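Okay, so here's just one chain, in structure tokens, the form solved without the DNA.
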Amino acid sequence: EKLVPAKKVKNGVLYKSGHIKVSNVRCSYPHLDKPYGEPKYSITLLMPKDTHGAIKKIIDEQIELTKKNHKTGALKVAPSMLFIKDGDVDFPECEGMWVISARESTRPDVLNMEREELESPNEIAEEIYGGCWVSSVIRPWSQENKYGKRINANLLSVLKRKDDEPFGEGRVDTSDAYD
């Protein structure tokens, strides 16, 4: 089965399957080469509030549908347990940004700027560094288990869009190393 668009907006697409393409967002903390924290592949997407209002509205609507249609009944989920956070409230590079966390245990497809699929972890890590711009396909899902109630986003694919200043390495919290 293929993706079928339901609604297209500036900087994104909602598909009939519930998948969401988020376009032209800045990446942070990429873990596409190897899984990180059951370890999962992940990425953080920084959506500028000025340019991504329409796709953020879709994301909010899909989050609410995901809560409502949860299998055991409509699920009450705290704002801090959603895959989208507010960069101005909840967190410097996040200022004026919506902050999306998407994860998957299955390696997402990773495409370079020429839309070639990258297979090698070293090339994946070199191409998609924190600070570059990407587009991504995600899909919301609801979690209700012993670890809590969340609305999460599966990470299906990432496309590199453009280079920009790297955020650097030095952004890992080292404060728990001796515990």
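Numbers for residues come from their place in the sequence shown, where the first is 1.
Although it is not shown, the form deposited with the DNA bound is what the next lines describe.
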query	finding
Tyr36, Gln143 and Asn154 all contacting the DNA in the bound PDB entry, non-hydrogen atom within 4.5 Å	yes
Contact flag, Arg107 vs the DNA in the bound PDB entry, heavy atom cut 4.5 Å	no
Partner proximity in the bound PDB entry: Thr66 to the DNA, non-hydrogen atom cutoff 4.5 Å	no
Distance check, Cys94 to the DNA in the bound PDB entry, heavy atom within 4.5 Å	yes
Contact flag, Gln62 vs the DNA in the bound PDB entry, heavy atom cut 4.5 Å	no
Interface segment, criterion being heavy atoms within 4.5 Å of the DNA in the bound PDB entry, picked from 129-137, 25-33, 53-61, 115-123	25-33
Interface residues of 32-56 toward the DNA, as seen in the bound PDB entry [heavy atoms, 4.5 Å]	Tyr36, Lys40, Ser42, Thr44
